[PDB]
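Next up: a single chain in structure tokens, the form deposited in one PDB entry.
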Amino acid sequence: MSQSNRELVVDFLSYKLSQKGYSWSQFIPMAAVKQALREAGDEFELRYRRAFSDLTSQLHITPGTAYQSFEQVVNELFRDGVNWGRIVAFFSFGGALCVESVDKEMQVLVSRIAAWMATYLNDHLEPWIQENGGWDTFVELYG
């Protein structure tokens, strides 16, 4: 559902902001899906520690930035189509964006970024997720 996904997005971003020393006040959601995603994102960031610096540069978010700009930049993660690792990269990218906004004194955008991510997932990623076993296979697969 669209609500499960919005909740999942908020949990990841809150977890990531909290984990880095930031505030999370600016704000399938099974506890298992959320824990698996929390850990998958940490593992991903273990290997890739550049925080999508160029992707974020490409986006260059301000309060004037439109969803479609976000969408175009995130589309780059999926040039070769969707996969579980790329969906984990997507969540991680949103986390990075949220950190940059707080750093730029634009805490106002973290809730915007969250809405955007929820809209992107429901629109572009859920089609592949449902086709590939749903968040259940994600959990079966990860942690």
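Numbering starts at 1 and runs along the sequence shown. For clarity, a rigid core is taken as the largest C-alpha set superposing within 1.5 Å between two forms.
Just so you know, the form solved in complex with a partner chain exists too; it's not on screen, but the next bit is about it.
Chemist: For the partner chain, considered in the bound PDB entry: do all three of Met30, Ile129 and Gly134 come within 4.5 Å of it, counting heavy atoms only?
Modeler: No, the whole trio is out of contact, none within 4.5 Å by any heavy atom.
Chemist: Verify the contact flag for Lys34: yes if a non-hydrogen atom of it lies within 4.5 Å of a non-hydrogen atom of the partner chain in the bound PDB entry, no if not.
Modeler: Taking the distances in the bound PDB entry, the answer for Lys34 is no, it never comes within 4.5 Å of the partner chain.
Chemist: Taking the partner chain as it sits in the bound PDB entry, is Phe52 in contact with it (heavy atom to heavy atom, 4.5 Å or less)?
Modeler: So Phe52 counts as contacting the partner chain.
Chemist: Applying a 4.5 Å heavy atom distance criterion, does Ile113 contact the partner chain in the bound PDB entry?
Modeler: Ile113: no, not in contact with the partner chain in the bound PDB entry.
Chemist: Evaluate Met117 for contact with the partner chain in the bound PDB entry, applying a 4.5 angstroms cut-off between non-hydrogen atoms, and reply yes or no.
Modeler: The answer is no: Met117 has no heavy atom within 4.5 Å of the partner chain.
Chemist: Taking the rigid core as the reference frame, is the Cα of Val102 displaced by 2 Å or more between the shown form and the other one?
Modeler: No, its C-alpha moves less than 2 Å.
Chemist: For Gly64, decide whether the Cα shift between the shown form and the other one is 2 Å or greater, given a superposition on the rigid core.
Modeler: Where the cores coincide, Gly64 still shows a C-alpha shift between the shown form and the other one that is 2 Å or more.
Chemist: Quick check on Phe52: with the core superposed, does its CA move 2 angstroms or more between the shown form and the other one?
Modeler: It does shift by 2 Å or more.
Chemist: How does the C-alpha distance between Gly41 and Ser57 change in the bound PDB entry compared with the present structure, closer or farther, given a change of 3 angstroms or more?
Modeler: Compared with the shown chain, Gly41-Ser57 is closer in the bound PDB entry.
Chemist: Against the shown form, C-alpha atoms of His60 and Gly81 in the bound PDB entry: closer or farther, for a change of 3 Å or more?
Modeler: Farther: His60 and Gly81 separate by 3 Å or more in the bound PDB entry.
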